[PDB]
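Student:
Chains as they are written, first to last, in the deposited numbering: chain D, 1 to 159, 168 to 187, 196 to 455; chain B, 1 to 160, 167 to 459; chain C, 1 to 158, 169 to 185, 197 to 455; chain A, 1 to 160, 164 to 459; chain H, 470 to 487; chain E, 465 to 487; chain G, 469 to 487; chain F, 466 to 487.
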């Protein structure tokens with residue numbers, strides 16, 4: 001049993017984890033770069049330490065600095081949060097050698113699921129479907145055709169080109185050589209479905225549902241919801257069971273997320289995030305579980321206090337990321353000073369934030385100012401609450417993508433539950449409405 | 001089907017209803033006295049109207065004034081909230097004659113359950129237990145003795167309790183003292199007898215009904231921790247109830263609700279001691295503590311009232327009513343816990359409300375706001391939800407500590423002390439929690455910080 | 001045939017006659033008292049003469065002064081107008097003796113119709129009904145009852171007696198004369214135009230019953246109470262009476278109409294203040310007709326050519342306070358804006374920034390509207406009343422607006438007792454007054 | 001049944017329509033450009049709206065602006081008045097599509113009678129005589145002669164120039180005229196194409212008023228003589244015309260009603276004819292109220308603007324042709340604020356002192372007031388002076404008095420011209436033709452004699 | 470104190486009683 | 465505190481209104 | 469920029485006059 | 466012809482445009 005834990009992060013997650021520490025009767029220690037000296041998470045924590053200059057490399061990604069902070073403040077365990085050193089096995093090994101407990105997966109499990117190729121092997125060994133593909137370079141155009149019959153068109157050549173017919177493979181191979197290749201199956205309109213897993217040191221694992229993080233811009237998420245409207249009760253069980261299987265095979269011991277691609281009733285594994293998830297909030301509100309508190313207990317050696325039969329979804333939750341970007345100008349980073357800050361309030365409204373009023377947003381690190389989460393009895397309620405909260409969230413001085421969120425939540429495709437990975441590309445009318453909602 | 005509704009209330013509740021209106025896509029209109037011109041609910045609403053001077057009788061209790069405001073603002077329905085005119089049948093009838101919809105029970109049901117005596121009689125029908133009593137003037141000490149055996153000692157003598171009688175011999179002295187006291191103070195001198203419960207618990211059942219006779223029970227609430235007879239902390243579920251007792255009480259509540267012709271939300275309050283529950287009275291309105299039931303059963307009661315007012319049949323059945331987790335609410339009243347909960351006045355300087363998962367704040371104040379004195383003490387309500395009771399208590403403790411309300415004294419220290427008390431931690435809080443544990447105030451003082459305006 | 005005409009009057013009527021003079025190519029000479037030096041009719045006229053001080057007795061009623069003005073100004077005939085030496089045979093005799101033409105009836109005819117008793121005698125001859133009455137004093141109560149049988153109850157002692175029993179007590183209370202009493206009569210008058218050569222025509226009726234204390238306020242043509250049958254009979258009676266008396270020029274025979282029966286009261290010997298409604302409905306210039314008859318033209322039309330078209334109503338804009346018993350109001354008018362439009366006529370004697378002489382009448386102007394049907398005339402009059410701007414002095418225009426909204430007036434049941442029986446008029450009048 | 005009406009016009013006519021609204025208990029809404037902000041019509045109205053910039057195309061001819069104004073003010077019907085969009089079918093269709101009632105004829109009737117060519121075709125179909133002419137191009141001089149035989153000399157050669168490029172009275176003159184007309188059109192008009200029409204030496208302009216209801220009932224409300232005109236713009240109008248006989252009045256009225264019913268007409272309209280030597284010829288139909296409706300309005304005792312509104316609400320005609328009876332005579336003189344003696348060149352300025360004539364049988368329909376700056380961007384008509392009499396002589400005398408006693412100080416008006424004409428022996432006799440002004444220049448000498456000096 | 474005011478086109482005659 | 469308002473009576477096209485302006 | 473609160477016959481209206 | 470005073474007034478989020486004369 002450890003009494004004080006050090007949070008090796010900043011912003012939203014740092015404050016979120018500290019709240020969990022306070023509730024569990026634990027002491028939280030903050031770490032900050034010179035840019036984050038006057039930051040919200042530093043004031044909230046019981047203790048603070050200056051780990052280095054603003055560059056992420058010399059602060060927040062500095063293993064030696066974080067270990068030093070834990071020693072100076074007396075911390076006995078470290079919660080990585082998400083990002084930086086959260087998925088770095090080396091940091092885990094340094095943390096264990098110093099005598100401190102890592103509030104996360106073990107080092108060896110982190111490594112086995114680190115690389116996309118390594119993860120694919122571990123998922124096939126555990127009977128989780130993967131995207132049909134060849135790991136080695138493709139020698140000639142004929143192999144593309146034969147691989148095309150085996151997988152089923154459309155297929156895609158990567159180092168890029170999408171080929172819909174066997175005839176088109178002749179030209180596409182020519183173009184790909186111009187720009196040494198490999199082939200994988202291509203999904204026209206997939207959905208990003210991910211499964212949350214919680215495990216303990218003693219091999220007990222549970223699947224805490226799905227999340228549809230499909231509204232994405234350039235592979236960067238913007239809206240997340242739980243449950244996913246596209247999954248059926250049978251698919252949910254199969255994917256959850258598969259997730260627990262892969263987790264047990266790698267020896268997982270903390271909270272984790274398995275990301276899949278879902279198209280035409282079939283799901284394919286892509287990557288595993290061996291950390292807490294940014295959008296764990298939607299899962300937390302629907303299944304009524306404190307995941308960060310759960311991480312701390314399982315790290316303390318507690319055996320899982322519940323079973324899969326106890327995991328029950330109630331309601332629907334949506335999360336909009338308040339990123340500081342220009343929705344009207346290709347989401348270009350927006351920086352500046354926040355003047356007036358007023359968070360929306362009400363039943364079923366949650367704001368996990370890393371900013372305050374009269375705060376100059378560090379230009380380094382992330383664009384995430386805060387995360388707005390709403391819960392409702394049904395999805396329609398959750399959408400209605402999110403629309404009110406977005407309107408009544410006041411962030412002055414800095415540009416936010418809140419207009420985009422408001423337009424998306426009004427879009428018929430989102431209302432109907434047809435949000436795909438191509439939601440933003442296929443409907444550019446969102447930005448016209450977003451333009452209408454800006455000052 | 002109406003599009004704009006007027007909220008005939010102030011402070012916390014008025015904002016609570018307005019948020020529901022906004023979520024349902026409806027326009028909300030606010031009414032305010034001269035004191036609440038700078039109040040949060042006036043700024044929040046889509047429209048507002050000045051109904052009168054700070055006096056409650058000339059403002060929020062003015063039936064004709066409220067109706068006139070609704071016409072000027074175009075309101076088609078009125079939400080009474082939880083105080084002024086919410087349980088006044090006259091206000092309902094004025095609203096009906098003006099052509100507007102009352103977002104609450106019908107007038108006739110409201111009347112039948114209005115008086116404590118009337119509610120008790122309606123409860124004797126429909127087979128709901130009531131406090132064993134006479135309620136009719138007792139003539140002499142001998143009748144008290146016979147009624148004492150029938151009800152079972154202890155019993156209590158009351159007037160139109168004054169004294170509690172534990173033995174048959176004790177009845178003559180108490181009857182004499184109780185009569186003189188009534189005559190001198192209440193100019194009545196006529197008494198009645200009721201059974202006395204030494205260490206009861208205040209347990210209430212929430213019921214929702216539709217215009218079409220479908221009624222459902224949305225669980226229990228423990229409102230045991232009270233000063234005087236005013237609730238300070240409420241939690242759901244109650245640790246004293248068993249699953250079977252919970253169902254039995256819910257069934258009684260729906261039976262009583264249906265017999266009276268109830269529509270909308272309401273709350274039936276019981277007294278619980280030694281495994282037995284007794285009906286006292288029914289509140290024909292939304293309850294201030296509806297928040298905890300909302301967190302455990304995942305239902306928006308204010309939205310539910312609006313739907314039932316628009317004529318929808320209940321969209322769920324008793325099988326759908328399922329509790330998840332535990333919710334506790336500590337009422338942030340502006341009073342000095344260390345000096346007989348004396349009213350506290352002033353202007354709120356710096357206001358920062360707690361945040362997090364499972365933390366809810368329904369407030370009627372803001373930073374740099376002068377709190378009106380003419381009304382209540384409730385500045386806001388701090389509500390937390392957890393996976394289990396321990397989680398809810400921890401979040402309530404963190405939120406209580408991290409609630410910053412500067413310039414005015416609140417009972418926030420008292421609350422923290424209570425949530426440390428071993429009796430509370432077990433769930434043995436009875437109505438006489440504060441009276442029997444005066445060590446709470448010691449702890450309160452230690453957590454009371456030095457303050458300045 | 002004369003070329004210069006003198007108008008021995010002031011104000012509204014004086015301007016009206018002059019307009020007729022100009023249209024006929026004739027010269028207008030005005031007469032004015034010291035009060036009316038800055039008056040509209042003196043400015044309008046081709047010539048003017050100062051007849052005396054403001055007192056009516058010493059100015060507009062001075063026969064010698066008017067004859068003096070005619071000589072000095074070169075006038076060859078004089079038009080009396082209404083209300084000043086009009087119906088004065090003495091003025092006619094002076095005017096005829098002075099070598100001038102009197103634009104009106106001849107003196108002998110004017111005299112025969114002057115007094116109410118004298119006119120009644122001339123009216124019983126020629127078969128015109130009169131109010132059943134006794135001209136001599138009533139000796140005892142028995143005669144009243146006997147007079148009650150002859151006339152038919154109700155009767156009036158000069169108190170109203172409804173039965174023979176009430177006559178016994180009522181006769182005691184008054185201590197006379199007795200005449201039949203009409204409970205709710207209507208004031209109906211008939212227009213007559215006559216020729217020097219014995220030609221006479223009846224130009225219709227007028228209902229001037231909206232009246233306070235025997236003073237007319239609203240006048241309309243035709244009367245809603247008259248039927249075509251009554252109209253012919255009454256007009257014929259009017260022409261019959263005129264021919265017996267030797268009438269010349271314009272005249273008005275006033276009757277009382279009750280329960281389908283009409284009774285003669287008086288004959289006004291000159292032009293009528295409310296002649297305007299008749300002019301608008303029958304399309305005749307009566308003042309021009311008077312001038313032509315004066316130079317000797319024979320009537321240019323016959324009764325068959327007299328045809329009514331439309332309905333006309335006239336409101337008198339009187340300088341009086343309706344809210345306070347029509348009390349003369351005086352002062353100076355600041356801004357004057359007259360209502361205008363199709364079917365709106367304003368005969369006025371005031372202007373903007375004019376101080377109203379107090380020594381005379383209260384008539385500031387007369388507002389007349391015409392419509393296709395009575396309803397148009399009511400709507401047109403209501404608009405004109407609203408858009409009449411008289412800012413310095415109080416007028417009875419609010420009373421007019423209330424009356425024209427009243428249900429009884431809308432239906433055409435206004436009687437001589439209209440104002441007494443409906444005091445709600447003054448409540449409505451107060452609302453439109455500020 | 002509608003309660004608020006929007007008047008899409010300015011000046012005299014707008015006030016005239018609004019007064020009709022007030023009497024009928026209806027609300028009138030005014031539209032105004034920036035120039036007419038301080039205009040009388042704006043103030044009279046119950047409500048008002050800026051239609052746009054002083055440019056007519058951007059204001060009173062801007063269809064969307066008028067409809068938008070009606071929506072903001074709550075108007076349910078639109079009265080076009082005379083001019084602007086009153087005969088514009090596009091405006092009618094736009095108003096119908098917006099849910100508003102057009103107080104006028106339906107779009108289809110308006111279109112069928114819009115162009116001069118279409119109307120004459122519709123008039124021959126309904127058995128209304130038209131000016132004998134061939135609208136297709138005439139190739140050679142021989143066709144002119146043949147067309148001259150059929151039409152009857154004189155005839156007039158014109159080019160596709165409304166008035167004859169040349170008038171030929173004999174067959175012999177056609178060779179010279181045809182040559183002369185071709186160059187003139189080629190060089191200037193730019194099209195050698197000509198056509199031939201019958202020529203009337205001394206015609207009279209006689210027009211017939213037609214009123215119809217939505218249910219096919221149509222009535223003829225008499226004639227008007229609008230002969231005294233400068234250029235082709237009317238200056239004096241009278242009712243009845245002295246040249247018509249009682250029989251011709253009915254014959255023409257019947258023809259007018261035939262055409263109106265045949266085209267499906269609704270509301271008020273005016274059919275214009277040319278009258279010479281006992282013969283009448285149709286020219287064009289105005290699908291609107293006529294500026295000179297006042298004279299008919301006073302002679303037949305009908306409020307045509309009120310009548311337009313009633314039939315617009317769907318009332319069936321409340322009278323029959325037997326009820327249409329003329330009484331008396333009416334004349335209208337246009338106070339056009341232009342300089343006589345200077346070829347009626349527009350006169351502008353600010354009106355200082357304004358005193359309108361008053362009396363029995365005098366009506367003044369005005370769009371100006373005292374101390375008013377007269378906008379230059381539109382019309383020249385300040386007001387219309389109308390008089391009624393028992394006979395024509397009376398009406399003329401009243402017009403003579405009213406003209407003298409009309410006081411307009413800041414601006415020049417043609418009031419002297421009116422006074423000279425009303426004294427002219429030809430006008431007194433009722434012989435005024437379309438060539439009245441050209442043939443008698445003594446009018447302008449007398450006008451100078453009666454013209455007060457205006458200075459600056 | 471009388472002025473004329475044009476709210477988005479609509480003419481209104483106002484009169485402020487200070 | 466509580467600065468008193470400025471109260472005016474405004475007649476718009478003949479309609480009397482009671483206006484209170486704050487600040 | 470210039471923000472006031474106005475109560476027209478009771479109804480609260482939030483005004484902003486700008487310029 | 467005095468020129469008007471033109472403001473943009475936002476009342477409860479509704480932008481009206483006003484023009485005052487005199």
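For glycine and all other residues, C-beta sits at the position ideal for the given N, C-alpha and C.
1. Helix, strand or coil: which one does DSSP assign to residue 21(A)?
2. Find out if the Cβ-Cβ distance for the pair residue 128(D), residue 261(D) is shorter than 8 angstroms.
3. Per DSSP, which one or two residues make a beta bridge with residue 226(A)?
4. For chain C, is any of its Cβ atoms less than 8 angstroms away from the one on residue 367(A)?
5. So residue 305(B) contacts chain D; which residues on that side make the cut at Cβ distance below 9 angstroms?
6. Taking residue 178(C) as part of the alpha helix (DSSP H), name the residues at either end of that continuous run.
7. Determine, using beta carbons only, whether residue 197(B) and residue 157(B) come nearer to each other than 8 angstroms.
8. Tell me the DSSP secondary structure of residue 301(C) in three-state form.
9. Residues bridged to residue 308(C) by DSSP?
10. Could you check the C-alpha separation between residue 117(A) and residue 243(A) for me, to the nearest Å?
11. For residue 236(D), count neighbouring C-beta atoms within 10 Å of its own C-beta (all shown protein chains included) and say buried if the count is 16 or more, exposed if not.
12. How long is the line joining the alpha carbons of residue 64(D) and residue 208(D), rounded to whole angstroms?
13. Give the interface partners of residue 27(A) over in chain C, defined as CB-CB distance under 7 angstroms, in chain order.
14. Rounded to whole angstroms, how far is the Cβ of residue 440(D) from the Cβ of residue 231(D), which I believe are closer than 8 angstroms?
15. Count the other CB atoms, across all protein chains shown, that sit within 10 Å of the CB of residue 363(D); report buried if there are 16 or more and exposed otherwise.
16. Note down, in chain order, each residue of its chain lying with its Cβ closer than 7 angstroms to the Cβ of residue 73(B), except the 5 sequence neighbours on either side.
17. So with CB distances below 8 angstroms, who are the chain H contacts of residue 476(F)?
18. Please name the residue, chosen from 430(C), 24(C), 45(C) and 22(C), that lies closest to residue 32(C) on a Cα-to-Cα basis.
Tutor: On the basis of the data shown:
1. Mapped onto the fourth chain, residue 21(A) falls at position 21. Helix.
2. What you label residue 128(D) is simply residue 128 of the first chain in a count that begins at 1. What you label residue 261(D) is simply residue 245 of the first chain in a count that begins at 1. It is a contact, given that the beta carbons lie within the stated cut-off.
3. The count along the fourth chain starts at 1 and reaches residue 226(A) at position 223. Bridge partners of residue 226(A): 211(A).
4. For this step, residue 367(A) is matched to residue 364 along the fourth chain. Interface residue, yes.
5. The residue given as residue 305(B) occupies position 299 in the second chain. Per Cβ cutoff of 9 angstroms: 393.
6. On the third chain, residue 178(C) is found 168 positions in, with the first residue counted as 1. Residue 178(C) -> alpha helix (DSSP H) spans 174–184.
7. Against the second chain, residue 197(B) aligns to sequence position 191. Against the second chain, residue 157(B) aligns to sequence position 157. Their beta carbons are under 8 angstroms apart, which means residue 197(B) touches residue 157(B) by this criterion.
8. Along the third chain, read from residue 1 onward, the residue named residue 301(C) stands at position 280. Correct three-state label for residue 301(C): helix.
9. Taking the first residue of the third chain as 1, we reach residue 308(C) at position 287. DSSP lists no partner for residue 308(C).
10. Mapped onto the fourth chain, residue 117(A) falls at position 117. Mapped onto the fourth chain, residue 243(A) falls at position 240. A straight line joining the alpha-carbon of residue 117(A) with that of residue 243(A) spans about 29 angstroms.
11. Position 220 of the first chain, counting from 1, holds the residue named residue 236(D). A residue is called buried when at least 16 other Cβ atoms come within 10 angstroms of its Cβ; residue 236(D) does not meet this threshold and is exposed.
12. Within the first chain, the letter at position 64 stands for residue 64(D). Within the first chain, the letter at position 192 stands for residue 208(D). Each residue's alpha carbon lies about 36 angstroms from the other.
13. Sequence index remark: in the fourth chain, residue 27(A) carries index 27 (1-based). Those do not exist, as residue 27(A) stays about 13 angstroms from chain C at its closest Cβ, beyond 7 angstroms.
14. Sequence index remark: in the first chain, residue 440(D) carries index 424 (1-based). Sequence index remark: in the first chain, residue 231(D) carries index 215 (1-based). Residue 440(D) to residue 231(D), Cβ: 7 angstroms. Contact.
15. Here residue 363(D) corresponds to residue number 347 of the first chain, with the count starting at 1. With 16 or more Cβ atoms within 10 Å of its Cβ, residue 363(D) is classed as buried.
16. As a working mapping, residue 73(B) is identified with position 73 in the second chain. Excluding sequence neighbours, residue 73(B) sits near 6, 29, 47 and 49.
17. Taking the first residue of the eighth chain as 1, we reach residue 476(F) at position 11. Simply none; closest approach about 10 angstroms.
18. Indexing the third chain from 1 puts residue 32(C) at position 32. Considering only alpha carbons, the answer is 45(C).
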